Amino acid sequence: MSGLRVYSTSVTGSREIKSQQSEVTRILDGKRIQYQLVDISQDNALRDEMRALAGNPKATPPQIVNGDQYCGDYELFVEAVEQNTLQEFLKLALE
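Using the entry's author numbering, the letters of the sequence shown correspond one by one to residues 1 to 95.
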């Protein structure tokens, strides 16, 4: 059983972060995906829970997670669809 929980910021804090979260959900939304959104903006616990499990207190709201592990981030995911690599990060070639 493999799930997908993308992190984001509902309340939003910065003015640029909104541009990132939008681009992320934009692609997924257009793809008509049924993934959840683990927004840390809800509870502060998610903030100190994501940075910990992520092993990096420099990350950002946009973070792709597969269940309970660090799947990727904004740069990665976005850096994939660009060259059509998104699969290598999503399906990882499960043909």
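Note that the Cβ used here is the ideal one computed from N, Cα and C, for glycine as well.
- Residue range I17 to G30 is occupied by the alpha helix (DSSP H) that includes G30.
- Ranking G67, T60 and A80 by CA distance to the CA of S19 puts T60 first.
- Of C71, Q34 and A93, the smallest CA-CA separation from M50 is found for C71.
- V6 places its beta carbon less than 8 Å from that of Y35.
- Here DSSP, grouped into helix, strand and coil, assigns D68 to coil.
- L94 counts as exposed, since fewer than 16 other beta carbons sit within 10 angstroms of its beta carbon.
- 8 Å or more divides the Cβ of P57 from the Cβ of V24.
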